[PDB]
Amino acid sequence: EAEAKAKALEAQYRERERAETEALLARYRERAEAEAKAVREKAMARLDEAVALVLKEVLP
Amino acid sequence: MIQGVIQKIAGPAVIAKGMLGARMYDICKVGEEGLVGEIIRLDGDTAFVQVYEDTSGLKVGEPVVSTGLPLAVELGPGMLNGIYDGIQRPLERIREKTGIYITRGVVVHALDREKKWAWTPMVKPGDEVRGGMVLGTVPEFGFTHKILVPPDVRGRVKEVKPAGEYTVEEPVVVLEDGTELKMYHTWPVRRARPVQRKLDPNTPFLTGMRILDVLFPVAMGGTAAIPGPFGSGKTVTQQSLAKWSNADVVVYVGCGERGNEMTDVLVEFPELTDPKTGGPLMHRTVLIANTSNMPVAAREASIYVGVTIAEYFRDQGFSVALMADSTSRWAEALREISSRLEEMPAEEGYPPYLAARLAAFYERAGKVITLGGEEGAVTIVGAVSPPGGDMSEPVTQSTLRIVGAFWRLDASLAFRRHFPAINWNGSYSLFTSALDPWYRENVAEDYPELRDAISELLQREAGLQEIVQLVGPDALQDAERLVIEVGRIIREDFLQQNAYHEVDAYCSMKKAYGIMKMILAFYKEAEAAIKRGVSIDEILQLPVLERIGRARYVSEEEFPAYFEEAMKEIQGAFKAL
Amino acid sequence: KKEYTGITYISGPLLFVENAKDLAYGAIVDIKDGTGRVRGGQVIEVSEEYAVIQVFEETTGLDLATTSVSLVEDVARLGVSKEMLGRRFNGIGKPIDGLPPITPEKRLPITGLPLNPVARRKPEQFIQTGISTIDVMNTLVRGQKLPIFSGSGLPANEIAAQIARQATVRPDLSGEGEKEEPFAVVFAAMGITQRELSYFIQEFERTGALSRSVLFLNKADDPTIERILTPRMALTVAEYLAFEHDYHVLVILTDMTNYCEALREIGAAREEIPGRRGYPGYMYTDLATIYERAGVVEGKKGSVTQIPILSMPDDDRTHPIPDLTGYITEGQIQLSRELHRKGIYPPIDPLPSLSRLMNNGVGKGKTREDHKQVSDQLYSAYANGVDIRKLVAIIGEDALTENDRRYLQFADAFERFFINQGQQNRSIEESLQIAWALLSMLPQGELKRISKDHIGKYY
Amino acid sequence: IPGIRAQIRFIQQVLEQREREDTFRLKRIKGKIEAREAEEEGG
Amino acid sequence: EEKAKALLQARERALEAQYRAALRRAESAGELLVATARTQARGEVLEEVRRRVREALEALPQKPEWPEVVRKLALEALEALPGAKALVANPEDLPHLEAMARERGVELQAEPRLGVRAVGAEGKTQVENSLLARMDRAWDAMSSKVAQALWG
């Protein structure tokens, strides 16, 4: 009857572990994808000059 | 298309100018007759060309010509089921045009251009071609032989010759954008096919042999090695190997082995029959042989051959089973070549590369994933054999380093009779670890716990017997006898099987599992008897043991049930006393 | 750019190229096969009569009509960023994974350059490494360059896996801020197999340790020359981060057998007469520079530490492979094998163990006052065991004193009790803690090598 | 046994090392013969 | 049961540590995902800027500037050879070229674009000057300088 409790203990630990890894990943993963996108967009704005530079050194 | 003239002739080496624009390492017919050769140190408008066969009889003025092609393997359907030499020459077209010997100056092809295969071009023109892509099948002994594009080609398809008969040589479909494509395409031995992801080992490998998998698995894609003095039954295994397998394509190819025994392979091979379809065994097979005497640089290539060809088949999605033996002799050729090239030796006498080419022979394998997106098995099991007679000469201790599992076979244990005679105490396989997940999935779930448990048995006999056995089994105490009595059983059943019994010479996990299970389970209760001091040498005569005694002989259909009755009886023989 | 055509004689080794006057020494060249395949090499030997280039992979299919050599870099040189970490990084630096190039930062030399003696202090801090035995008796002082000597059967890898994760710096024992030493390790897998490769993968990813490492890989079935690079590449990486950015860096080579192994294959195609027993006699020089570029630097904060891991071709400590390391590096821990037969894991052993240092990173104000003491005790304890264990076997089992029966059982305790430590960890405290338990059995009238105060401070 | 064993190896490796140098030395002799007679081609 | 009291304490203990630290590796997993995500992001960026560079540099011959730009790169290489003999550029370039079509060491021949080739000092060398080879380096060069410049 002590075995029943201990097995049951595993449950609370496992479900809660499960649920926590299952939720944390969800929010984070789709937030990472979003931030990656949002740094593209930061770049987007001003991006030309580098090419201009590269062209300029080789150009003569 | 590049033609030269002979200049000097120093035995195997020949030198001939009239050749620049040559390419490093190629075929080349040389002689008025012409014989295959090989470019090594080129210079200016000459190269040194090594014409493998007995050069004798060549004069000067004979033209020289190159194919501008490295030594390659020819890979297409129809290759299977036959016998060939190092540079892939099928003996039957030989036998007819030589009588006895093999004469020099014979040219053939791997695949006879005389057979018209009928097929299906499994796609449609108007498509995208990609390397490694699919193309079309014929069947040859019940095979889905997927004739695939050689990799590194791509573009548009136009016009697709439909089904129907074509001999091999005839092309299939074509690209608009130039270049057709034939059925088969050649591959250089040296590179290895590009593949897309090695994948971790974690996949079992069956062989059915008790001792094989339960104790010393290798995993599929595993890589082992086996020594074994001869005159001691080592071929047995090699036979059984292919017999059950777990793969479905057998390639066996060693090279050089004192005459007669190399012929034994040849003869017993057709007699054995698949025990999975009842179809003749030779059907799903491919053998390359090469006998001592055979030309030097033949032999050097030999392995590599086998290696490539294995990859081919592998590439088609099957699971394969290469075997090779006489690796110990393999180095031989290598010495020889390095004799005739003046490069110092090193170590004992085998040049240095023997920690590399030896290496690469093994790397290429594991759990490849095709470009065709499927899975294909390339385990190699490393025969070696020194009648140098040691576990220390270079060759062996090199393999040992790279590959992972060592299945020592030894004569001594064998002399008492008990075949296979894989001597357990000296064998090992680093492998087990990563197999554990799949292990526990499929068999039982207490499964590991058994293997480790039972091994201890013998262990605790080894160092007991060792000493104390020079008193027999009667000056021992209680449990002392008990160990070796059980030991007996591990050795009279769990060990020794046979390869001459339809009833047993094959297993499955789930079968062995019960076997072993019972043997702990009778033993722990054996100890409860002696722990109360019961008659000992009585336990040793109870009818229960005979139900073990027959256990191997239990057939696989009856196997479940045979545990079923038997097992619970064990529970009851101790209640009796 | 410029660029030489005039390839004129080949052999399995190097090959011939006429006219050079601007291809200096040690130049890294690539050669376009003209069939759209490119390969490379070094420039050893140069003259007013012709340059020759070190074929890197294989000759296979070259001509003498077209093809060309091409000067790629003039000094072997390469970038190192602190973007690095996490990237799974094959030698030559075009890494694995799917992730794109590494952005350079500082492109620097790859031979290293000697570190003039007046620039490095004697070391004096202590690395807490998880294997007790090592940190008990011996000492992995942060400077050091201890080497682990292995064989077939003894696992070399697993051991090295161990000190992988269990490694920490414990600042407080001395008594300072943690922040000061940010932590990382090189680790270069040089010479792995199928299985061996597939092993270390997870060892990082499981404990998340991939976050403070870079994995050089080698596969051991790529052209020979790549191997004779991957150490020296791997080092410099750390050097940047080591001195310039300050970290405490572990550097973990694997089986230098596979080093020599490869290294010689040069020499048998260059010919310097390897008068030595299977290896080029200019050996030592090279193994010099590889085991010598790590340590502390005065007037800087971070430091390096090398871990060589290598197996002798037989037991005999006299095939030069393990031997020369002996001279070169300091210290020496070995594994034994007789421990292995009995099963205690992970067998290390102590009877030939040592550490050249272990006189710093000791005692008060640093460590704890008792390493320095209990060091020798155990040493001296174990010794008198083994003597005894001879004499059972050649005279009697009660033809012994009983002044022995305690050292017997002390040898067992020190045996399977202590040495074994499972794949659980330990900690330097916990170590010494149970180190005291180790002593306990012995009467206190025999323990000459210990200051009186501690004797009652523990038991 | 494990000692006098231990001697025997020692013989082996040294008996062997003897001849590495043998060849290497001998090699060089060839080099001379050919280099030398390459200019007994003359011209 | 008396026994039961002694278990129930302990199974909270062992699991509690294996819980938070277990969560750490999950939380750290997200961090590994954040790092990777970012690392993907830098590759598109650097590649894109590369692509445009290719396009502009490839638009160098079509653009109204092209015979003018020619003789620079022609000169730069020509300078590198201390002897001379050849100078090959397509039937695009070559007609336009009047400078060293007039001068040289005389003779211009054949044809294979984004660069100019030539030979000098016998046929031995082949020294050329690809615009793309200056690119392949320089791209590698101001790598990082560009990313700072960009995200800046």
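None of the figures in this text is laboratory data; all of them are computed from the coordinates on show. FYI the Cβ positions are ideal-geometry reconstructions off the backbone, even for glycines, and counts take in every protein chain you see.
Below is a table of values for the structure above.
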{"quantity": "Candidates per trypsin sites (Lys or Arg not before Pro) in the stretch B:1-69, loop by DSSP, up to 14 other Cβ within 10 Å", "calculated": "B:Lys59"}
{"quantity": "Average projected area [Cα convex hull, chain E], square nanometres", "calculated": "16.8"}
{"quantity": "Amide proton proximity set for B:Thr223, modelled H, under 5 Å, gap of 5+", "calculated": "B:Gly404, B:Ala405"}
{"quantity": "Extreme residue, positive dipole direction of chain E, given options E:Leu87, E:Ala21, E:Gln62 (C-beta unit charges)", "calculated": "E:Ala21"}
{"quantity": "Solution diffusion estimate, µm²/s, Stokes-Einstein, the stretch B:32-71, Kirkwood Rh from C-alpha pairs, 25 °C, viscosity 0.890 mPa s", "calculated": "218"}
{"quantity": "Calculated P(r) tail over 54 Å for the protein assembly as shown, as whole % of Cα pairs", "calculated": "33"}
{"quantity": "The stretch B:195-259-the stretch C:34-50 distance, computed between alpha-carbon centres (Å)", "calculated": "44"}
{"quantity": "At 0.692 mPa s and 37 °C, Stokes D of the stretch B:356-505 from Kirkwood alpha-carbon radius, µm² per second", "calculated": "172"}
{"quantity": "Angle between chain C longest axis and helix C:257-267 axis [Cα atoms, degrees, rounded to 10]", "calculated": "30"}
{"quantity": "Proxy reagent accessibility, fewest Cβ within 10 Å first, across C:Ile344, C:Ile428, C:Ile321", "calculated": "C:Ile344, C:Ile428, C:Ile321"}
{"quantity": "Within chain A: Cβ-based charge dipole about Cα centre, in debye rounded to nearest 20 (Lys, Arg +1; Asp, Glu -1)", "calculated": "140"}
{"quantity": "Residues whose placed amide H lies under 5 Å from that of B:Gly155, excluding near-sequence neighbours", "calculated": "B:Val129, B:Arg130"}
{"quantity": "Cα-centred dipole magnitude for the protein assembly as shown, charges only on beta-carbon of K, R (+1) and D, E (-1), debye, nearest 20", "calculated": "2200"}
{"quantity": "10 Å Cβ neighbours from other chains, averaged over peptide C:73-83", "calculated": "1"}
{"quantity": "Charge sum, other residues only, whose C-beta stays under 11 Å from B:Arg491's C-beta, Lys/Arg counted +1 and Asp/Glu -1", "calculated": "-2"}
{"quantity": "Proximal charge balance of D:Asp22 [Cβ under 12 Å; K/R count +1, D/E count -1]", "calculated": "+2"}
{"quantity": "Debye intensity ratio in log₁₀ form over the Cα atoms of chain C, taken at each q of 0.09, 0.11, 0.12, 0.13 Å⁻¹", "calculated": "-0.68, -0.95, -1.09, -1.23"}
{"quantity": "Percent antiparallel among DSSP beta bridges (both partners in chain C, rounded to 5)", "calculated": "60"}
{"quantity": "Normalised per residue, the volume of the convex hull around the Cα set of the stretch E:1-63 (Å³)", "calculated": "46"}
{"quantity": "Residue-by-residue Karplus 3J(HN,Hα) for the stretch E:69-77, coefficients 6.51, -1.76, 1.60, Hz, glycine and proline x", "calculated": "5, 2, 6, 3, 6, 5, 5, 3, 6"}
{"quantity": "Distance from the stretch C:381-459 to the stretch C:264-291 (C-alpha centre basis), Å", "calculated": "45"}
{"quantity": "For C:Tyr25, C:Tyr199, order by how many other beta-carbon atoms lie within 10 Å, fewest first", "calculated": "C:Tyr25, C:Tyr199"}
{"quantity": "Trypsin sites (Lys or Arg not before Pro), loop per DSSP, at most 11 other Cβ atoms within 10 Å - longest free stretch of chain C", "calculated": "C:38-205"}
{"quantity": "Magnitude of the charge dipole, chain C, Cβ model with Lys/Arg +1 and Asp/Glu -1, debye to 20", "calculated": "1080"}
{"quantity": "Dipole axis of chain D (+1 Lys, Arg; -1 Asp, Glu on Cβ), positive-most option in D:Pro2, D:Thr23, D:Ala35", "calculated": "D:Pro2"}
{"quantity": "Neighbour cut-off at most 16 other Cβ (10 Å), DSSP loop, GluC sites (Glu not before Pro), the stretch C:409-459", "calculated": "C:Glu446"}
{"quantity": "Peptide C:190-199 - average C-beta neighbours from other chains (10 Å radius)", "calculated": "6"}
{"quantity": "Between the stretch E:61-75 and the stretch C:124-186, the alpha-carbon center distance in angstrom", "calculated": "62"}
{"quantity": "Share antiparallel - DSSP beta bridges, the protein assembly as shown, percent rounded to 5", "calculated": "65"}
{"quantity": "Shielding by partners - mean other protein chain Cβ count within 10 Å, residues of E:11-17", "calculated": "3"}
{"quantity": "Degrees, to the nearest 10: B:261-271 long Cα axis against longest axis of chain B", "calculated": "80"}
{"quantity": "Relative frequency of Cα-Cα separations exceeding 25 Å in the stretch C:111-236, percent", "calculated": "36"}
{"quantity": "Fewest-first sequence of E:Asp93, B:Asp478 by Cβ atoms within 10 Å of each Cβ", "calculated": "B:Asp478, E:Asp93"}
{"quantity": "In chain A, trypsin sites (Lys or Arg not before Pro) in a DSSP loop with at most 14 other beta-carbon atoms within 10 Å", "calculated": "A:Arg46"}
{"quantity": "Most positive-pole-ward Cα, B:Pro386, B:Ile402, B:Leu413, against dipole of the stretch B:331-487 from beta carbon charges", "calculated": "B:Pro386"}
